[PDB]
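K.L.:
Quick one: structure below, then a few questions.
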Amino acid sequence: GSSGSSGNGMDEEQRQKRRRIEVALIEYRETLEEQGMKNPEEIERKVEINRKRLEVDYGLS
């Protein structure tokens, strides 16, 4: 039972992009940890760059 659907205009398309970034972020983080990344700066660095890239790629930022 959906409630308070957020999608009246262009946002309807943004709500979706938000997911593409989520799944991507998680998958990336894990892949990094297993890739041999055992440091915060490293992960944070890569992840950060990714989040920003994707966000800007989906015209979100």
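K.L.:
Any chance you could count how many residues in segment 1-51 are hydroxyl-bearing (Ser, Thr, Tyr) and not in a loop (DSSP other than H, G, I, E, B)?
P.N.:
Residues in segment 1-51 being hydroxyl-bearing (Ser, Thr, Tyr) and not in a loop (DSSP other than H, G, I, E, B): 2 in total.
K.L.:
Next question, about the same structure. Pick from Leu25, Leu32: which is in contact (Cβ under 8 Å) with a residue 12 or more places away in the chain and over 12 Å from the mean Cα position of the chain (by Cα)?
P.N.:
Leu32
K.L.:
Taking segment 24-56 as the region of interest, how many residues are of a type in the set (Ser, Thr, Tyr) and either surrounded by 14 or more Cβ atoms within 10 Å (Cβ to Cβ) or in contact with an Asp or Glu (Cβ under 6 Å, 6 or more places away or on another chain) (or both)?
P.N.:
Qualifying residue count for the region: 1.
Note: ideal-geometry Cβ built from the backbone for every residue, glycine included; neighbour counts use all protein chains shown. Values quoted throughout were computed directly from the atomic coordinates according to the rules given, and no laboratory measurement underlies them.
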